[PDB]
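Asker: Numbering (the deposited numbering), first residue to last: 2 to 64, 68 to 230. All C-beta atoms, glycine included, are put in the ideal place defined by N, C-alpha and C. Sending over a structure as structure tokens; questions will come in a sec.
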Amino acid sequence: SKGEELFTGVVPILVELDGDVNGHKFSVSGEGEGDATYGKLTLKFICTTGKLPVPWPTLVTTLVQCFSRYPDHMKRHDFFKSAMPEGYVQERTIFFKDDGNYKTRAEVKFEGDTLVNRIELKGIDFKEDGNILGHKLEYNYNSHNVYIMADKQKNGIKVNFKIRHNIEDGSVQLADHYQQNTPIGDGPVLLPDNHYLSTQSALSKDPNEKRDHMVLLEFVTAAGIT
């Protein structure tokens, strides 16, 4: 259909986020490409304001599920691509167990041939000595599932999942994700039956990059139907 054809090949991606966590203001700019045919994403993010005030892994989910690979038989449940090119607003509240929360609002949409994700993040109630502001999280990311449900009231979807970040001492920092996506245009979108996205992510560093940054390779596949 409409949006779906915009993802048949490799699409360039731009990500711009402005954040404020406990008063620590920062910005991150990202660039890369997505190839939905393979549920594949490759991007490099840079903190353009200097040092990132929270650990990079805590920003991964915030930093374009329209690139998820939907098996042919599940194509009718792909809300993400169906809202394109006009796009969707993506909002979340991320609860870090025993610590603060992030609230985010982003607009995902095409600007020409480029898929753009513009984000504002607001973090409050974090402990200065916690795992986030205290930077006690490992620079890695575990595989996880993203649960999707239709939200006919908003002509969008509701999304929930849990992320477990690894703490340096071997423990785990849980981050409970509550998400809502609603179309920007007023055209029809595909409202899905309940299903999930299986995600895998690898974090690395560019050996020649001296700015605070994050290189990310990610694979995402929808599943859970027939």
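Just to confirm the assignment, what range does the beta strand (DSSP E) spanning residue 231 have?
Answerer: In the structure displayed, the chain extends from 2 to 230; residue 231 sits before or after that span and is not available.
Asker: Please return the same chain residues whose Cβ sits closer than 6 Å to the Cβ of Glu222, not counting the five positions on each side in sequence.
Answerer: Excluding residues within five positions, the ones whose Cβ falls inside 6 Å are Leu42 and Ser205.
Asker: Going by other Cβ atoms of all chains shown within 10 Å of its Cβ, with 16 needed for buried, is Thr230 buried or exposed?
Answerer: So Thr230 counts as exposed.
Asker: Keeping to the same chain, check which residues put their C-beta closer than 8 Å to that of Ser28; ignore five residues upstream and five downstream.
Answerer: Closer than 8 Å at the Cβ level, and outside the excluded window around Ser28, lie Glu17, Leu18, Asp19, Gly20, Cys48, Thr49 and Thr50.
Asker: Can you have a look at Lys85 and say buried or exposed, based on whether 16 or more other CB atoms are within 10 angstroms of its CB?
Answerer: Burial call: buried.
Asker: Does the beta-carbon of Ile128 have 16 or more other beta-carbons within 10 angstroms, so that it is buried, or is it exposed?
Answerer: Looking at its Cβ environment, which holds fewer than 16 other Cβ atoms inside 10 Å, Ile128 is exposed.
Asker: What residues in its chain sit with their C-beta under 7 Å from that of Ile161, if we drop five residues either side in the sequence?
Answerer: Closer than 7 Å at the Cβ level, and outside the excluded window around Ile161, lie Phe83, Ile152, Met153, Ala154, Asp155, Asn185 and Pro196.
Asker: Applying the 10 Å Cβ sphere with the 16-neighbour rule, what's the burial state of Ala227?
Answerer: Exposed.
Asker: Confirm, please, whether the CB-CB distance from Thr225 to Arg96 is below 8 Å.
Answerer: No.
Asker: Using DSSP with H/G/I as helix, E/B as strand and the rest coil, what is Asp180?
Answerer: In this structure, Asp180 counts as strand in the three-state DSSP scheme.
Asker: Who are the near neighbours of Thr63 in its chain, counting only those whose CB is closer than 8 Å to its CB and skipping five residues on each side?
Answerer: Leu18, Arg96, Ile98, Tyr106, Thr108, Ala110, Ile123 and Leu125, listed in sequence order.
Asker: Mapping the DSSP letters down to three states, classify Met78 as helix, strand or coil.
Answerer: Looking at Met78 - three-state DSSP - the assignment turns out to be helix.
Asker: Kindly indicate the opening and closing residues of the beta strand (DSSP E) around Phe8.
Answerer: Unbroken run through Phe8: none, as it is neither H nor E.
Asker: Inspect the beta-carbon positions of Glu34 and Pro54 and report whether they are closer than 8 Å.
Answerer: Contact: no.
Asker: Out of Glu172, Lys131, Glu32 and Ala37, which has the shortest C-alpha to C-alpha gap to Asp76?
Answerer: Closest option to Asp76, Cα to Cα, is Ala37.
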